[PDB]
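To keep things clear, I will list the structure first and then write my remarks on it.
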Amino acid sequence: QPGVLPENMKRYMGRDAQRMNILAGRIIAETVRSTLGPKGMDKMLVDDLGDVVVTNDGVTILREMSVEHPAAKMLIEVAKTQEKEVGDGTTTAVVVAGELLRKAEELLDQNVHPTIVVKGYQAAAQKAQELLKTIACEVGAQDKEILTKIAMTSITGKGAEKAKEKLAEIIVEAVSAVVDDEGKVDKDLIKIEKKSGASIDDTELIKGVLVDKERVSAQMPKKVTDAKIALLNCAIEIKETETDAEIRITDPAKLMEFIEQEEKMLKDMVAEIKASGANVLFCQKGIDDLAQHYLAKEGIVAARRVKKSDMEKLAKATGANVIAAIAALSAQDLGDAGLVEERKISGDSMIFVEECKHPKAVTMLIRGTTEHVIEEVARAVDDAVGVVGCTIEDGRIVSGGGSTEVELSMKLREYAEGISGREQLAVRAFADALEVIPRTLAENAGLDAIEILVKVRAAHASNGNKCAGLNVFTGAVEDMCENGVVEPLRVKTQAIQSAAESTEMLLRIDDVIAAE
Amino acid sequence: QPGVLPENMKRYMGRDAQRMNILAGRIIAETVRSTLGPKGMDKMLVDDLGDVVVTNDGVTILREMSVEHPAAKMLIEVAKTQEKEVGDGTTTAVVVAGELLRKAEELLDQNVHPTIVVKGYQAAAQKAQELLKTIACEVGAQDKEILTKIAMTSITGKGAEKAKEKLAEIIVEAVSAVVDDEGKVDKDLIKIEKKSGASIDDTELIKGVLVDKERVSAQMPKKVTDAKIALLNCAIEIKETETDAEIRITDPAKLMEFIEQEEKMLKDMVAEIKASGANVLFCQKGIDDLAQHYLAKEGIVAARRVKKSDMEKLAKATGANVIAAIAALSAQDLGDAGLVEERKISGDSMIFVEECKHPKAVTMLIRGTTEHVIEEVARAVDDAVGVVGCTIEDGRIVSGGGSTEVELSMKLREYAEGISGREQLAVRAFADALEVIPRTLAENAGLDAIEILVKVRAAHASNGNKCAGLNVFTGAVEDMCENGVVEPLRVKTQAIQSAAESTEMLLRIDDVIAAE
Amino acid sequence: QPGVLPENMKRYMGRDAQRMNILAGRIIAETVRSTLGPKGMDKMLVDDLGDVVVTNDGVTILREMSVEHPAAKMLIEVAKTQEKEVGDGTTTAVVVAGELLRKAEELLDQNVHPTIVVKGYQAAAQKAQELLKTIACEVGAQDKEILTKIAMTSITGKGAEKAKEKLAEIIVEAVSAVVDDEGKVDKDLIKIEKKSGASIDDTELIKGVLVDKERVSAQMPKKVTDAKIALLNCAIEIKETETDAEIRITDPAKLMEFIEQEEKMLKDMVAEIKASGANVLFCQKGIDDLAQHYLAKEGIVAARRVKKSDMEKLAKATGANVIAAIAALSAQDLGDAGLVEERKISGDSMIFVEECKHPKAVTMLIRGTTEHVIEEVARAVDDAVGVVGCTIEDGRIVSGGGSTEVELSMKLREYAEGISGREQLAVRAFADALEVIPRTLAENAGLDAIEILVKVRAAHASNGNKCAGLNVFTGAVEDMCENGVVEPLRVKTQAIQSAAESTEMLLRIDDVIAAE
Amino acid sequence: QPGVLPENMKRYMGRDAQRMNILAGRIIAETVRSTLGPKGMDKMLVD
Ligand SMILES: Nc1ncnc2c1ncn2[C@@H]1O[C@H](COP(=O)(O)OP(=O)(O)NP(=O)(O)O)[C@@H](O)[C@H]1O
Ligand SMILES: Nc1ncnc2c1ncn2[C@@H]1O[C@H](COP(=O)(O)OP(=O)(O)NP(=O)(O)O)[C@@H](O)[C@H]1O
Ligand SMILES: Nc1ncnc2c1ncn2[C@@H]1O[C@H](COP(=O)(O)OP(=O)(O)NP(=O)(O)O)[C@@H](O)[C@H]1O
Ligand SMILES: [Mg+2]
Ligand SMILES: [Mg+2]
Ligand SMILES: [Mg+2]
Ligand SMILES: [Mg+2]
Ligand SMILES: [Mg+2]
Ligand SMILES: [Mg+2]
């Protein structure tokens with residue numbers, strides 16, 4: 001007689017399920033562990049098409065490997081959410097999750113039951129969030145100096161040689177520029193443009209936007225100072241009714257009369273544009289060739305078929321209103337830019353709209369000698385934008401270099417004393433797990449992690465220094481705050497909560513049923 | 001139990017990743033190395049269609065072979081950016097990059113950590129940019145004597161037999177002609193035409209453009225001197241309204257009335273063109289057969305369906321504006337050319353527009369006995385256009401023959417002296433890598449590189465001659481600057497920065513993960 | 001082009017090598033773990049021929065599986081040596097080894113160096129051997145009461161339903177009978193015979209041997225009491241010279257003369273045999289049909305073509321000399337037995353030689369209702385023979401139920417206190433490893449291992465009872481010695497030494513290179 | 001593992017490159033040589 005469950009399926013039960021998930025978990029974490037910290041190393045990933053990524057970026061590495069294993073996929077989500085919510089610490093969150101799994105294994109191997117480790121882990125994680133709040137330092141949303149340390153620290157995570165002050169300062173300026181009325185930071189308002197050049201150091205902030213267009217007619221000016229900018233959502237073409245209409249001509253002289261009426265409509269449209277005071281125009285749709293001439297005659301710069309996202313960012317940066325009826329355009333809808341110029345950048349003709357006074361969107365123009373060099377600089381800039389953004393929004397930071405993890409572990413071990421029975425083992429395991437961060441930072445730096453940890457713990461003990469950690473450079477336990485190695489509270493709260501919730505989910509599993 | 005990482009994957013870790021990337025790098029550099037300098041040799045590349053490229057051009061070689069290795073691709077980017085930013089030195093940039101990887105291996109082998117190597121490379125490179133600025137010689141953007149030396153030097157890189165004075169002077173004229181208002185050179189403004197002929201020496205500069213078109217009517221003049229040129233992007237055909245319109249005829253008499261209105265409309269367009277004073281007309285689109293007759297009656301030479309990019313180059317060279325409505329055509333929209341002539345070249349009839357007064361676009365008409373001979377001449381012209389452009393824009397040149405690399409190398413060793421720790425080893429390594437240029441120049445010349453190096457070094461020592469290099473023709477060490485062997489500063493700055501940045505990126509890699 | 005190491009080869013390095021070895025070991029151990037102790041369960045193994053094995057026997061399970069994994073094979077050697085040296089505790093030895101590897105992982109995952117783990121493991125192993133000597137109790141080789149407990153405990157390891165006093169006593173009698181004149185036990189001297197019957201309880205000890213033979217002629221007695229046994233390894237056939245000899249007959253009268261001669265010497269061999277006083281005969285070679293008759297006439301029981309093996313057991317059993325020259329047969333070569341009988345057993349005709357007075361070999365005749373039921377009873381008999389034999393040879397025993405492991409583990413932690421530095425971690429890990437035994441006993445008994453262990457340790461703490469263990473049959477912590485749960489010291493010394501040596505070997509591996 | 005330059009490629013270097021080019025040229029020339037001048041002979045080519 002036939003089998004109930006499909007004969008085309010692999011199944012793993014009890015200890016086998018647990019080992020499968022735990023192992024898949026640990027292995028995923030191990031792949032990114034060697035990237036961690038300023039002394040970490042990079043991966044080169046090559047896809048089936050032969051395209052290559054080289055990067056220190058945790059979540060990028062994990063996405064680009066084509067990981068199939070179901071449990072591994074559950075940990076990759078930890079990295080994706082870290083990137084979305086914070087923009088930095090993707091490796092950290094994943095490595096913590098893998099270590100929570102490793103630490104749980106030791107407990108299951110001693111007959112501690114899964115629901116008990118889940119329970120302890122949940123209590124530990126909650127305690128950790130409370131401890132994090134007390135540990136965190138308040139900072140002002142407009143403390144340029146601290147935000148710059150936040151940016152430098154982030155970039156350094158991808159290597160000391162990336163952390164140029166000028167770059168950190170540029171990033172802080174970019175993010176501060178787009179903070180909205182509610183004090184919120186929308187990362188998308190910072191346009192990232194990537195162009196080969198003489199050097200990574202040519203990277204610059206443009207207060208404005210880069211539009212991949214040329215002016216529609218060579219007769220128009222190619223450089224305009226103090227431009228007055230019109231933004232049109234409608235085509236500068238002959239308008240037609242929605243209701244089907246046809247012209248009937250029975251008198252040979254009407255040909256010219258109609259042709260001359262359509263020409264006049266275009267001349268009128270151009271007239272209205274001129275009247276607003278606009279000397280630069282971006283149209284989201286088509287501009288009739290004939291109108292192209294009239295604009296040129298008037299000395300008005302125009303680009304046509306501008307991307308909707310371009311129009312939207314122009315508006316944000318220049319302060320113009322995208323107008324849908326040429327008739328309705330007025331002086332009040334115009335934006336301002338100190339400079340509008342068409343010029344070539346690494347061989348490509350583009351229109352720069354720059355030197356805007358209070359742009360709500362700006363552009364990081366990232367330069368470097370090669371495409372692949374630029375990509376990684378762009379990834380670093382992104383990490384920095386994320387954490388500067390977090391610090392502006394939250395006004396809360398912690399010390400880095402694994403100082404905070406050490407402080408947490410110590411405190412959690414104190415907490416665990418007060419826990420009765422078996423759950424205590426789980427809480428203690430969760431505490432021990434956090435130390436994978438300082439431990440890995442040390443090993444990637446070529447240091448002895450055990451002795452390093454002994455020293456860092458000692459500096460935290462007996463009401464010591466919550467900011468003490470190992471400076472991977474000097475090799476000494478130092479005050480990370482004094483050294484300016486700092487990171488948003490959010491990096492830690494998100495990473496730890498994600499690691500906890502995802503491992504709790506995985507540790508509840510006693511049966512894996514895989515089809516096909 | 002299932003695999004965590006995809007099983008379809010090849011992986012190389014630690015020493016193997018480093019070896020892979022270093023070796024692939026080195027091998028890519030070694031392929032173009034024998035092309036380096038005036039005594040370098042050429043490659044013949046045959047693709048899968050049997051098409052043939054023969055060239056001394058580094059980036060061309062590297063593009064044309066179909067390299068798939070991931071680390072080699074990173075190094076090819078170096079050649080591509082060199083071509084884009086400078087136009088010359090593509091081989092130099094790749095060879096330095098290869099040598100940087102080679103010197104890094106020696107340090108990795110005697111147990112220096114990668115981040116220290118990158119730290120050292122970055123410091124040396126930064127210092128080298130600073131030194132390059134003081135080594136450079138100031139030069140005037142209108143000093144044609146120096147620009148001609150720049151161009152001669154460039155062409156000689158591809159073989160002295162290519163370096164003719166007439167050719168180099170022509171190139172200087174071409175580039176001088178298109179310098180814009182900001183003092184920038186867009187090398188796309190110099191159109192390259194390639195046409196077989198009696199000799200390479202028949203290559204000529206046309207102050208104007210070639211149009212692959214014939215006049216639309218044989219009744220039109222084949223030749224106009226002191227041409228007045230109309231540029232129309234609108235068809236010279238009966239204009240249709242945008243709104244759908246049909247003629248209705250009820251009276252037989254009206255049949256002719258409309259037909260003859262359409263002819264009058266045509267005559268009018270032609271009269272207006274004539275009225276501007278135009279005797280030559282390029283139209284981007286169609287011209288009614290009847291209009292073609294009228295034009296020919298009026299003595300006006302016309303070509304139809306002209307490529308938009310042709311229209312554009314025409315406007316740049318003659319001064320005309322491209323007009324959208326024949327109604328607006330005035331005398332001020334007209335371009336000038338000393339000669340417009342339809343004639344045969346290499347069996348093809350084309351329209352020459354020559355002897356323009358202040359052309360903003362011009363045309364190098366490259367001749368030679370065969371197609372493949374011409375191709376390489378055009379490549380050499382491109383190198384020279386590139387470096388003449390840089391010189392005009394930058395006003396900074398250095399001496400060639402590897403003299404500048406020797407000077408740099410010597411100064412970096414001094415700098416290295418004051419560096420503390422392992423980092424010093426990397427700085428010295430970078431210094432030494434630069435000498436791959438003078439060493440390879442001497443190799444390809446059949447000279448003893450080691451002895452040559454001793455000599456050139458001695459000539460730079462004791463505050464000697466920063467311009468001393470080995471002249472591959474003399475066999476002697478001489479002042480290269482006095483010999484007129486010079487190249488733009490930008491050649492060296494772009495090549496060293498790109499080599500530095502790409503190799504630093506490659507050296508960070510400890511893990512290669514290649515799918516499929 | 002081309003590769004140094006073979007292209008057809010898998011390789012695992014550093015952490016991957018350690019992981020695959022550690023995992024393979026752990027999984028091998030987990031396979032037999034559930035069999036451990038009196039509450040352990042059994043495996044049914046089926047081979048590729050569809051033959052089945054049902055057993056609780058650790059080493060049998062590991063041999064019958066077709067393990068190919070290289071590290072796993074290393075651990076199976078542990079079970080084989082345990083079987084060879086001791087005959088019991090094969091599961092115990094593998095489970096300790098598996099746990100040593102698990103414990104080692106956690107050390108490796110803190111970055112303790114393999115050699116330090118190895119050094120710690122060796123130090124703990126040597127200390128354990130010293131502690132075992134003092135922990136052990138002395139017993140006399142003639143203490144049947146203790147030997148019976150050793151036997152009962154052993155059989156109980158395979159389930160309480162197997163552990164019958166009568167059977168244990170038989171086994172003690174069997175081993176006692178074969179102890180040699182130096183106090184050594186050769187388990188080979190206890191012939192195992194397996195025959196289906198009415199009940200497992202019908203198992204019996206035969207003071208003598210079973211011969212799978214029938215007497216050569218039905219005319220011979222079927223039964224003889226107080227038999228005088230001759231043992232010949234020469235054929236009772238006509239003797240032929242070693243030099244090629246041929247009879248030549250020329251006189252018809254001589255035909256019968258040579259025939260009559262042959263039978264007369266046959267008749268004389270038989271008279272030589274009778275003369276010795278033998279009435280029972282076992283011949284290794286053939287017995288001429290005619291001599292068969294003669295033996296029959298003289299009333300002598302004989303069997304022919306007896307295999308060397310039985311001849312040798314017969315000699316040991318009855319004290320006869322296997323003789324090679326019929327002429328040399330004297331009455332002092334004859335063995336004795338109370339009863340020689342040809343008898344059917346389970347439908348099989350066999351010669352029982354029993355009730356010998358001081359047999360140097362004896363026969364365990366194992367009975368049971370089915371072949372597979374019998375096979376496992378024989379395996380349990382083999383365990384018991386093994387440990388009774390060890391106890392007789394060593395005169396040292398320890399208490400069972402995991403009591404000795406707990407005592408050992410407690411003393412080793414004390415020892416670890418005085419170890420400086422990192423090695424201390426390893427010594428502690430080794431100590432903790434030994435508790436896998438009491439832990440697994442409890443697990444399989446369905447008890448809570450964590451609390452059980454807390455209790456047993458407390459019973460061992462500060463001058464406690466070294467014999468304190470959990471009794472799986474009562475659920476309480478009791479004095480295992482006073483309950484009679486005891487096992488030879490050698491079980492523990494071999495198990496721990498094997499586990500330590502094999503895992504130290506595996507832990508030194510950092511590179512797996514596998515062909516094909 | 002793996003190769004930098006494509007695995008599907010022939011390559012001829014130094015004297016081998018010069019030889020194959022020189023030979024190919026010479027053979028091409030020898031093909032039409034016998035046609036040269038008023039006493040030259042003709043080819044029949046079939047596609
Ligand atoms: N100067 C320093 N000394 C010690 N630790 C540092 C220093 N600078 C940064 N770090 C730490 O390095 C860690 C970040 O490294 P990084 O490789 O970027 O991990 P990540 O942010 O978790 N992953 P990713 O999303 O790829 O950037 C943080 O723990 C930092 O605190
Ligand atoms: N007369 C000379 N004597 C010695 N060296 C020279 C002389 N003329 C040019 N050179 C050098 O030869 C090098 C250029 O040769 P070349 O083969 O073109 O290399 P490249 O410019 O780096 N590659 P490519 O992009 O293909 O042109 C430069 O280093 C020049 O300084
Ligand atoms: N009454 C008992 N209470 C607690 N433990 C017991 C008792 N009787 C026996 N044991 C233990 O059970 C263990 C032996 O069980 P067993 O399953 O035979 O393992 P093994 O000897 O290592 N493997 P094998 O070679 O297959 O017999 C020993 O530790 C005994 O001390
Ligand atoms: Mg980071
Ligand atoms: Mg990132
Ligand atoms: Mg060159
Ligand atoms: Mg070139
Ligand atoms: Mg046993
Ligand atoms: Mg056994």
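Please note that chains go A, B, ... in the order of the structure tokens, that every chain numbers its residues from 1, and that ligands are numbered from 1 in the order shown.
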
Can you tell me which residues surround residue 119 (chain C) at a distance of at most 7 Å, considering only C-alpha atoms, apart from same-chain residues fewer than 4 positions away, and format the answer as a VMD selection string?
chain C and resid 115 123 423

Residue contacts of region 253-264 of chain C (12 Å, only C-alpha atoms) excluding same-chain residues fewer than 4 positions away, as a list in words:
residues 236, 237, 238, 239, 240, 246, 247, 248, 249, 268, 269, 270, 271, 288, 289, 290, 291, 292, 293 and 294 of chain C

Produce as a ChimeraX atom specification the set of residues near ligand 4, where near means within 12 Å with only C-alpha atoms and all ligand atoms considered.
/A:32,35-40,55-60,79,82-83,86-93,150-160,162-163,379-387,400-401,486-488,491-492

Report as a ChimeraX atom specification all protein, DNA and RNA residues lying within 9 Å of residue 210 (chain A), evaluated on only C-alpha atoms, omitting residues in the same chain fewer than 6 positions from it.
/A:191,193,310,314,350-354,363,365

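CA of residue 124 (chain C) is found 25.2 Å from atom 27 (O, counted along the ligand's line) of ligand 3.
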
Select residues of chain C: the criterion is any atom within 8 Å of an atom of chain A, counting only C-alpha atoms; output as a VMD selection string.
chain C and resid 110 to 111 448 to 450

Would you mind listing what lies within 12 Å of residue 129 (chain C) as a ChimeraX atom specification, with only C-alpha atoms counted and same-chain residues fewer than 6 positions away left out?
/C:122-123,135-136,405,408,411-412,489-498,500

Between CA of residue 242 (chain A) and CA of residue 284 (chain A), what is the distance, to one decimal in Å?
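Here the two named atoms are 20.0 Å from each other.
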
Please return, as a VMD selection string, all residues of chain B lying within 10 Å of chain D when only C-alpha atoms are considered.
chain B and resid 10 12 16 20 to 21 23 to 28 31 41 43 to 48 65 to 73

As a ChimeraX atom specification, please: the residues near residue 215 (chain C) (cut-off 8 Å, only C-alpha atoms, same-chain neighbours under 4 positions excluded).
/C:220,222,301-304,342,351

Output the selection as a PDB file, in the first residue's frame - N, CA, C and O atoms for each residue.
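The resulting file, result.pdb, is reproduced below:
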ATOM      1  N   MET C 220      29.616 -49.656  15.677  1.00  0.00           N
ATOM      2  CA  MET C 220      30.229 -49.118  16.897  1.00  0.00           C
ATOM      3  C   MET C 220      29.169 -48.692  17.906  1.00  0.00           C
ATOM      4  O   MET C 220      28.071 -48.300  17.522  1.00  0.00           O
ATOM      5  N   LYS C 222      27.046 -46.428  20.494  1.00  0.00           N
ATOM      6  CA  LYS C 222      26.591 -45.065  20.317  1.00  0.00           C
ATOM      7  C   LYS C 222      26.975 -44.270  21.550  1.00  0.00           C
ATOM      8  O   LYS C 222      26.994 -43.039  21.536  1.00  0.00           O
ATOM      9  N   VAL C 301      34.771 -47.022  19.240  1.00  0.00           N
ATOM     10  CA  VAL C 301      34.105 -45.923  18.567  1.00  0.00           C
ATOM     11  C   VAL C 301      35.150 -45.063  17.871  1.00  0.00           C
ATOM     12  O   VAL C 301      36.123 -44.641  18.493  1.00  0.00           O
ATOM     13  N   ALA C 302      34.956 -44.806  16.583  1.00  0.00           N
ATOM     14  CA  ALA C 302      35.867 -43.925  15.865  1.00  0.00           C
ATOM     15  C   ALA C 302      35.146 -42.948  14.942  1.00  0.00           C
ATOM     16  O   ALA C 302      34.120 -43.279  14.348  1.00  0.00           O
ATOM     17  N   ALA C 303      35.686 -41.738  14.839  1.00  0.00           N
ATOM     18  CA  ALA C 303      35.246 -40.763  13.843  1.00  0.00           C
ATOM     19  C   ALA C 303      36.453 -40.391  12.986  1.00  0.00           C
ATOM     20  O   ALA C 303      37.586 -40.414  13.469  1.00  0.00           O
ATOM     21  N   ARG C 304      36.201 -40.053  11.721  1.00  0.00           N
ATOM     22  CA  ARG C 304      37.257 -39.807  10.739  1.00  0.00           C
ATOM     23  C   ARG C 304      37.222 -38.385  10.198  1.00  0.00           C
ATOM     24  O   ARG C 304      36.223 -37.678  10.325  1.00  0.00           O
ATOM     25  N   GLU C 342      27.223 -40.365  20.839  1.00  0.00           N
ATOM     26  CA  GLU C 342      26.675 -39.833  19.600  1.00  0.00           C
ATOM     27  C   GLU C 342      25.182 -39.657  19.786  1.00  0.00           C
ATOM     28  O   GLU C 342      24.475 -40.609  20.105  1.00  0.00           O
ATOM     29  N   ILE C 351      28.832 -35.899  18.131  1.00  0.00           N
ATOM     30  CA  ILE C 351      29.531 -36.626  19.181  1.00  0.00           C
ATOM     31  C   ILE C 351      29.827 -35.710  20.379  1.00  0.00           C
ATOM     32  O   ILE C 351      30.629 -34.769  20.286  1.00  0.00           O
TER      33      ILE C 351
END

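We find CA of residue 42 (chain A) and CA of residue 508 (chain C) to be spaced 29.2 Å apart.
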
As a ChimeraX atom specification, please: all residues of region 113-289 of chain C that backbone DSSP puts in helix (DSSP H, G or I).
/C:114-135,144-156,160-162,165-178,187-189,200-202,253-275,289

For residue 327 (chain C), find every residue with an atom within 7 Å (counting only C-alpha atoms), except residues of its own chain fewer than 2 positions away, and show them as a list in words.
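Residues near the query, excluding close chain neighbours: residues 272, 325 and 329 of chain C.
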
List the spatial neighbours of residue 509 (chain A) as a PyMOL selection string - criterion: any atom at most 9 Å away, only C-alpha atoms, same-chain residues fewer than 4 positions off excluded.
chain A and resi 14+17-18+21+114+505
